[PDB]
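Sequence first, structure after; it's an experimental one.
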Amino acid sequence: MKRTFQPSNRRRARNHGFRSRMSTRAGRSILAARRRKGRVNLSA
Amino acid sequence: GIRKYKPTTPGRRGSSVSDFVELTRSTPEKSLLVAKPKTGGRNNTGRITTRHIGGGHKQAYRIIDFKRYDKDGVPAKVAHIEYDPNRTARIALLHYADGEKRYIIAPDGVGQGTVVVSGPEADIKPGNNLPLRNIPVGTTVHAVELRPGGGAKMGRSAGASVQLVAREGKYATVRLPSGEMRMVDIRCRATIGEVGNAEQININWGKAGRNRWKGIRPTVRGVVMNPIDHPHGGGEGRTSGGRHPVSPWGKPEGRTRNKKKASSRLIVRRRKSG
RNA sequence: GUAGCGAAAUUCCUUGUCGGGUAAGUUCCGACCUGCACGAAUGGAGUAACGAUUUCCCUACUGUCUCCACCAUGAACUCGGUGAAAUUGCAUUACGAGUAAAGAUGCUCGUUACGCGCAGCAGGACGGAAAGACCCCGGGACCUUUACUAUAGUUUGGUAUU
RNA sequence: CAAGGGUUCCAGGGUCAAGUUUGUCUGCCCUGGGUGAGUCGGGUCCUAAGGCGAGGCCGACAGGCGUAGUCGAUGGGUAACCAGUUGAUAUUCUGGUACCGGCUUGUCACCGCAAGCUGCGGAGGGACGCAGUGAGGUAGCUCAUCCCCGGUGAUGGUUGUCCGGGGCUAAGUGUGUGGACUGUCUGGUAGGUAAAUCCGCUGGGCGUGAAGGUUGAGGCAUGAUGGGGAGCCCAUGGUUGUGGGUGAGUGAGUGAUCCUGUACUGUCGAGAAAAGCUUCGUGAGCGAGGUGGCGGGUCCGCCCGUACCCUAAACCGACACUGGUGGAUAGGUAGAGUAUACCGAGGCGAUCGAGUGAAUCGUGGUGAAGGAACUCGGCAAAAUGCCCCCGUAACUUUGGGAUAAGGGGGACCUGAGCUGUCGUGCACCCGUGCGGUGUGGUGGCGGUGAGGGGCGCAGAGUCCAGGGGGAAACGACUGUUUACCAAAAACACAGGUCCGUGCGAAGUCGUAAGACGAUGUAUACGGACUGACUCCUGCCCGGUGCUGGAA
RNA sequence: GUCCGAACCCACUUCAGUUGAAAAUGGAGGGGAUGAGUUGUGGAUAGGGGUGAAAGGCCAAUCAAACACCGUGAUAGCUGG
RNA sequence: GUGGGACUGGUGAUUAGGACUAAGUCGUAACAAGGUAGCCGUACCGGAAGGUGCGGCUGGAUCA
Ligand SMILES: [Mg+2]
Ligand SMILES: [Mg+2]
Ligand SMILES: [Mg+2]
Ligand SMILES: [Mg+2]
Ligand SMILES: [Mg+2]
Ligand SMILES: [Mg+2]
Ligand SMILES: [Mg+2]
Ligand SMILES: [Mg+2]
Ligand SMILES: [Mg+2]
Ligand SMILES: [Mg+2]
Ligand SMILES: [Mg+2]
Ligand SMILES: [Mg+2]
Ligand SMILES: [Mg+2]
Ligand SMILES: [Mg+2]
Ligand SMILES: [Mg+2]
Ligand SMILES: [Mg+2]
Ligand SMILES: [Mg+2]
Ligand SMILES: [Mg+2]
Ligand SMILES: [Mg+2]
Ligand SMILES: [Mg+2]
Ligand SMILES: [Mg+2]
Ligand SMILES: [Mg+2]
Ligand SMILES: [Mg+2]
Ligand SMILES: [Mg+2]
Ligand SMILES: [Mg+2]
Ligand SMILES: [Mg+2]
Ligand SMILES: [Mg+2]
Ligand SMILES: [Mg+2]
Ligand SMILES: [Mg+2]
Ligand SMILES: [Mg+2]
Ligand SMILES: [Mg+2]
Ligand SMILES: [Mg+2]
Ligand SMILES: [Mg+2]
Ligand SMILES: [Mg+2]
Ligand SMILES: [Mg+2]
Ligand SMILES: [Mg+2]
Ligand SMILES: [Mg+2]
Ligand SMILES: [Mg+2]
Ligand SMILES: [Mg+2]
Ligand SMILES: [Mg+2]
Ligand SMILES: [Mg+2]
Ligand SMILES: [Mg+2]
Ligand SMILES: [Mg+2]
Ligand SMILES: [Mg+2]
Ligand SMILES: [Mg+2]
Ligand SMILES: [Mg+2]
Ligand SMILES: [Mg+2]
Ligand SMILES: [Mg+2]
Ligand SMILES: [Mg+2]
Ligand SMILES: [Mg+2]
Ligand SMILES: [Mg+2]
Ligand SMILES: [Mg+2]
Ligand SMILES: [Mg+2]
Ligand SMILES: [Mg+2]
Ligand SMILES: [Mg+2]
Ligand SMILES: [Mg+2]
Ligand SMILES: [Mg+2]
Ligand SMILES: [Mg+2]
Ligand SMILES: [Mg+2]
Ligand SMILES: [Mg+2]
Ligand SMILES: [Mg+2]
Ligand SMILES: [Mg+2]
Ligand SMILES: [Mg+2]
Ligand SMILES: [Mg+2]
Ligand SMILES: [Mg+2]
Ligand SMILES: [Mg+2]
Ligand SMILES: [Mg+2]
Ligand SMILES: [Mg+2]
Ligand SMILES: [Mg+2]
Ligand SMILES: [Mg+2]
Ligand SMILES: [Mg+2]
Ligand SMILES: [Mg+2]
Ligand SMILES: [Mg+2]
Ligand SMILES: [Mg+2]
Ligand SMILES: [Mg+2]
Ligand SMILES: [Mg+2]
Ligand SMILES: [Mg+2]
Ligand SMILES: [Mg+2]
Ligand SMILES: [Mg+2]
Ligand SMILES: [Mg+2]
Ligand SMILES: [Mg+2]
Ligand SMILES: [Mg+2]
Ligand SMILES: [Mg+2]
Ligand SMILES: [Mg+2]
Ligand SMILES: [Mg+2]
Ligand SMILES: [Mg+2]
Ligand SMILES: [Mg+2]
Ligand SMILES: [Mg+2]
Ligand SMILES: [Mg+2]
Ligand SMILES: [Mg+2]
Ligand SMILES: [Mg+2]
Ligand SMILES: [Mg+2]
Ligand SMILES: [Mg+2]
Ligand SMILES: [Mg+2]
Ligand SMILES: [Mg+2]
Ligand SMILES: [Mg+2]
Ligand SMILES: [Mg+2]
Ligand SMILES: [Mg+2]
Ligand SMILES: [Mg+2]
Ligand SMILES: [Mg+2]
Ligand SMILES: [Mg+2]
Ligand SMILES: [Mg+2]
Ligand SMILES: [Mg+2]
Ligand SMILES: [Mg+2]
Ligand SMILES: [Mg+2]
Ligand SMILES: [Mg+2]
Ligand SMILES: [Mg+2]
Ligand SMILES: [Mg+2]
Ligand SMILES: [Mg+2]
Ligand SMILES: [Mg+2]
Ligand SMILES: [Mg+2]
Ligand SMILES: [Mg+2]
Ligand SMILES: [Mg+2]
Ligand SMILES: [Mg+2]
Ligand SMILES: [Mg+2]
């Protein structure tokens, strides 16, 4: 059937992209937390 | 007028439609249109603040001159009478005798070719716009300004009518279509005559679809909701509200006008009653 | 408690009573009113048309049935290849009448039974799957209100702005 | 093709793993290779929804909103086609022939408070719904005694039209047939943010009763002496390609979902924006007496994508999963059809098999007599089914009910006449040299056919394809709903009533500013209940609520 | 918001499946099919909140208050060890 | 034979009014100004006669 994940690169980049995260202070703190943890992927 | 539909199909059975006899032109003036995207009843916060709004046929806004006093003394010919989807009245397209074209609410009785004018020395004819000090007492006007220079705000819908009853001092007393008696500044402008298309209220839409493309979404009455959704919600089987009638937000029925504002200019309340 | 309607999606008694339909009708349709406990915009009574709605009947039609038979196929079955699953205290795991935590393969007294497989059927192992939802007790959640205590909001007056 | 995937694509080597079996094979592994654009799809251009937002306003802080702006396609704008080639790429490379923008150059013509260029805006334009019919075309398709290239048949016949195949070419340019568009010459001018000679609004003169002009469905010409297109050659090389051998390009029928066409007609629910573009000036600067125009020549033309899968074994579903996935093309015969049956272009034989008349389960098939006796219940199945013609009840809101019900005919052979269209041809208007027009043609093709006839159990012979009637309850109706046990009598609904709201509306979101309501104004808006329509809607204000009043 | 009927959308009945081909489907029928239709792309509304032709429905395969992390080794007169 | 209509008779639980009969019950509506003049059409109301509104009539009258 139609499943939950329907990919769209533009929507993904607008939602979880680096600039989207940098727009708000919550996203900036998320990037900081991922940097502290050591993720190689800071954002989508 | 109104044209009654024949009962060929259900939903067309009791319905009716205006015959559009007064329209002289089936297209609008291109230079007086702006885009009017739909809101769906949503706020600038993106939430529904006015319910029951959405969908409907696409519409283009017609720029209506509700001031009329920046063309004082310039006669205009009523070039056309045409349809405005944004209102229950018709719109008269006016060709001023200087090249400027404009739109007004079409007064009842005016048609293609008649000459309208604005100003204190304007003649008292339907469609002419004058200050209230110059409009004679006992006259039926429309498109009345609350504050001088603010533009038309009262008596604008189809068939609307305002009665000028007195001009004592620096205030003119007007009976609004609600029947309320109100005082306004004599310098406030008004257009002679009443609004046309007065018979549109008798239109039977006869069809859920016609309001659906008029832009009205279905209305779910609160008594068939759940208690979390509406104070009238709940109950086993069909019930009443289980309480006195209230709004979906728990506000009891009652007068809601702010008792302390411009009440010093209201002579008597509308007196709907029964 | 009016018009209207009434054993009704409402009638407990109840398969009320009478009438129609059937060879036979607790359902049905028309009546009666004795309305346990109808009723007029939480609308009353009707209503052509509409309905994958509910109910009754007639006709046509048939394997629905009397009453099943036969045919072909995908599994099943045999051979070669590949190869799981839930479950699992144990094992060389009968029946009868008993007995016992009151329903026994396992205890008593008897009876029967050579060892091991294959295809099958589901009576039992209180079979498997889900720390019963029903019930109660403890906790929680959400909902309600003329429960308590508060509060946003709305409103009153004072005072500052004055 | 898009989305998504990301090297799966190609060649060679490999068979541990993966593949529901095997495997020499692979979408697997290993190595190397493969994607070429001024025109295609995006960016360099434009805006929609929406996002962000200099200042700004609002908010203890954090922040909210928003102006000027600036982004943002799913839309607007925008110049190229055919053929050929590779193991893998092709509106990209190559061939042929075009187009667009620059730079530069040759030549001709022209300007000069007064060139031009660039900014800046004005106006025009871009620019818009839904539904329907018809007309003129073309694509396509069919047929052919016509033109080509073959064939003469394993078994009776098969050298005449008997059989098979083919009967082709683009963008661009020119032409201007249908069709469409369009009076002309001057004057004035409260408007178009600064202006306008470009617009708008108005005054006159003349004016066919259309005549020119402008335009451009197709056709023709050109592009094209080219390209493409079968079987004959010493030969090739023997699952091969080379050089010659390419032959034809006819006519009719039928006919679009395409073109004219945003046409035309109908219609209420009244159907984006902005830029490019044309023109107008000048609220800006540049700029010399140098530019700007029309034909001709040279060079310059950027970035990203381009392989491959893609109604799927490569995407979304943990799988190489009977599921889901937007768009384009979509031939023949029977048919109303994009249904269905069998076929075409093309692609597949499906990723464990071999057997064997067990019971049994699934999936189909048939059935004597009976025909709902089954069962909670006609559940399932059967019957009915198509077209044409005849005919059709209670009731009704006059529309319906209705395909009511209930009947007849259908295919095959032959076939008189009637028609669609074309036709060499007759005469004729000819504006002929018109790409024409009306009479008019033995005929070809197609459609339709009264009548007559044949055969069978059966002629809508297969697939496909309503059972019908009577009555009651509920809801008027079409719709909507518990994704994953309830589709209903529930919700909605059109209609109705009451209450609120005089506009900074009430109401709602928010701390606020603001916003929706609404660029609406009481014939409106918000809330409540009721729920088409018909006839109606009684009595009670004590209680509670609401409204008003204030001793 | 006509009728019959494909695509398309739906999900009424039945059978099968129910360690499925499939964490909701398949076969046979069935409803809508010019409309309150359906669908693509992008966008908006966010957790006591959204949205809801209203079923407490839906909000990333279990919603009478999502998910993740944190307070946190919550607490449990209860069950187990 | 089959099918769908047309017309019509009997019958029908139940129900409606009509006629007649107790010398039944309930009121007194009309006939006199019948004790509210009567009646006509219509409307609503009421156990029942009737009551009332609107318009009309004299087949009523007071007072002239
Ligand atoms: Mg998801
Ligand atoms: Mg314009
Ligand atoms: Mg925001
Ligand atoms: Mg509403
Ligand atoms: Mg509107
Ligand atoms: Mg409910
Ligand atoms: Mg509540
Ligand atoms: Mg309630
Ligand atoms: Mg109840
Ligand atoms: Mg009974
Ligand atoms: Mg009972
Ligand atoms: Mg009986
Ligand atoms: Mg009442
Ligand atoms: Mg009530
Ligand atoms: Mg009730
Ligand atoms: Mg009702
Ligand atoms: Mg009813
Ligand atoms: Mg009915
Ligand atoms: Mg239904
Ligand atoms: Mg029978
Ligand atoms: Mg088998
Ligand atoms: Mg085996
Ligand atoms: Mg015992
Ligand atoms: Mg025993
Ligand atoms: Mg024993
Ligand atoms: Mg022992
Ligand atoms: Mg065994
Ligand atoms: Mg077995
Ligand atoms: Mg057993
Ligand atoms: Mg058990
Ligand atoms: Mg359970
Ligand atoms: Mg337990
Ligand atoms: Mg549980
Ligand atoms: Mg508690
Ligand atoms: Mg919970
Ligand atoms: Mg105060
Ligand atoms: Mg004060
Ligand atoms: Mg790629
Ligand atoms: Mg590789
Ligand atoms: Mg790979
Ligand atoms: Mg490969
Ligand atoms: Mg293997
Ligand atoms: Mg290999
Ligand atoms: Mg290989
Ligand atoms: Mg730019
Ligand atoms: Mg914007
Ligand atoms: Mg700032
Ligand atoms: Mg820009
Ligand atoms: Mg952009
Ligand atoms: Mg390729
Ligand atoms: Mg090519
Ligand atoms: Mg080339
Ligand atoms: Mg412009
Ligand atoms: Mg427009
Ligand atoms: Mg022979
Ligand atoms: Mg041929
Ligand atoms: Mg001017
Ligand atoms: Mg100016
Ligand atoms: Mg045609
Ligand atoms: Mg490529
Ligand atoms: Mg490719
Ligand atoms: Mg494909
Ligand atoms: Mg698949
Ligand atoms: Mg996968
Ligand atoms: Mg055909
Ligand atoms: Mg097919
Ligand atoms: Mg083929
Ligand atoms: Mg394929
Ligand atoms: Mg496989
Ligand atoms: Mg066997
Ligand atoms: Mg059968
Ligand atoms: Mg037989
Ligand atoms: Mg039989
Ligand atoms: Mg028989
Ligand atoms: Mg029979
Ligand atoms: Mg029976
Ligand atoms: Mg029985
Ligand atoms: Mg059935
Ligand atoms: Mg059948
Ligand atoms: Mg009919
Ligand atoms: Mg029939
Ligand atoms: Mg014949
Ligand atoms: Mg027949
Ligand atoms: Mg057929
Ligand atoms: Mg009834
Ligand atoms: Mg009943
Ligand atoms: Mg319904
Ligand atoms: Mg209804
Ligand atoms: Mg329906
Ligand atoms: Mg829906
Ligand atoms: Mg469900
Ligand atoms: Mg309404
Ligand atoms: Mg307000
Ligand atoms: Mg606003
Ligand atoms: Mg209701
Ligand atoms: Mg009282
Ligand atoms: Mg009361
Ligand atoms: Mg009070
Ligand atoms: Mg329809
Ligand atoms: Mg689809
Ligand atoms: Mg269901
Ligand atoms: Mg089952
Ligand atoms: Mg229908
Ligand atoms: Mg988004
Ligand atoms: Mg509930
Ligand atoms: Mg979910
Ligand atoms: Mg909670
Ligand atoms: Mg909620
Ligand atoms: Mg703590
Ligand atoms: Mg603990
Ligand atoms: Mg325990
Ligand atoms: Mg009788
Ligand atoms: Mg009396
Ligand atoms: Mg009397
Ligand atoms: Mg009375």
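Here it is on my side, so go on. Numbers count the residues shown, from 1 in each chain, chains lettered A, B, ... in the order given. Ligands and ions are numbered 1, 2, ... in the order given.

which stretches of chain A form helices?
A:9-16, A:18-23, A:25-37 (DSSP state H).

Identify the residues contacting the first one?
By CB atoms under 8 Å, 6 or more residues apart in numbering or on different chains, the list of residues contacting helix A:9-16 from outside reads A:20, A:43-44. From N, CA and C alone the C-beta is placed, and that goes for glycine too.

how far off helix A:25-37 does it point, in degrees?
Put simply, helix A:9-16 runs at 90 degrees to helix A:25-37, going by axes from the mean of the first three to the mean of the last three CA atoms, to 10 degrees.

quick one: helix A:9-16 near RNA strand D?
Yes. Part of helix A:9-16 sits near RNA strand D under the criterion CB under 7 Å from any atom of the strand, namely A:9-10.

need the residues of chain A near ligand 1, please.
Contacts of chain A with ligand 1, taken as CB under 5 Å from the ion, map to A:4-5.

same thing but 8 Å
When proximity is defined as CB under 8 Å from the ion, chain A approaches ligand 1 at A:3-6.

Most neighbours out of the residues you listed, which is it?
Within the residues of chain A next to ligand 1, most neighbours by other CB atoms under 10 Å in any protein chain shown means residue A:6, with 7 neighbours.

From residue A:12, how far out is it?
Taking CB to CB, to the nearest Å as the criterion, residue A:6 is separated from residue A:12 by 11 Å.

one step back: which of the contacts of helix A:9-16 count as buried?
residue A:43 (16 or more other CB atoms under 10 Å in any protein chain shown).

closest to residue B:12 among the contacts of helix A:9-16?
Ranked by distance to residue B:12 (CB to CB), the contacts of helix A:9-16 are led by residue A:20 at 51.1 Å.

does the closest one really touch residue A:27, like I thought?
Yes. Assessed by CB atoms under 8 Å, residue A:20 is found in contact with residue A:27 at 6.6 Å.

Closest one to residue B:172 out of the contacts of helix A:9-16, please.
Nearest to residue B:172 among the contacts of helix A:9-16: residue A:20, at 58.3 Å, using CB to CB.

quick one on the thing from earlier: could the contacts of helix A:9-16 be laid out in a markdown table, adding distance to residue B:137?
As requested, these are exported to a markdown table (distance: CB to CB, whole Å):
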| residue | distance to residue B:137 |
| --- | --- |
| A:20 | 66 |
| A:43 | 73 |
| A:44 | 73 |
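
Check the gap between the residue nearest to residue B:250 when sequence neighbours are not counted and RNA strand D for me.
Spatial nearest neighbour of residue B:250, chain neighbours left out: residue B:231 (5.3 Å); criterion: CB to CB, 6 or more residues apart in numbering or on different chains. For residue B:231, the distance to RNA strand D equals 9 Å [CB to the nearest atom of the strand, to the nearest Å].

How many residues are close by residue B:231?
Here the count is done by other CB under 10 Å, and residue B:231 has 21 residues near it.

sec struct for it, please.
When classified by DSSP: H, G, I helix; E, B strand; the rest coil, residue B:231 comes out as coil.

List phi and psi for it.
Here is the backbone geometry of residue B:231 (degrees, to the nearest 10): phi -60, psi -30.

and it, how far is that from ligand 8?
Using CB to the ion, to the nearest Å, residue B:231 is found at 6 Å from ligand 8.

Verify the contact between that residue and residue B:251 for me.
No. With contact defined as CB under 8 Å, residue B:231 and residue B:251 do not form a contacting pair (9.4 Å).

check contacts around the nearest residue to residue B:110 once chain neighbours are set aside.
Distances taken as CB to CB, 6+ apart put residue B:127 closest to residue B:110, at 4.6 Å, once the chain neighbours are dropped. Contacts for residue B:127 (CB under 8 Å, 6+ apart) come out as B:78, B:92, B:104, B:107, B:110, B:114, B:116, B:191-193.

check whether stretch B:239-254 contacts RNA strand E.
No. Using CB under 7 Å from any atom of the strand, stretch B:239-254 stays clear of RNA strand E, coming no nearer than 8.4 Å.

any idea how far stretch B:156-163 is from the chain center?
Offset of stretch B:156-163 from its chain centre (CA atoms, centre = their mean, to the nearest Å): 8 Å.
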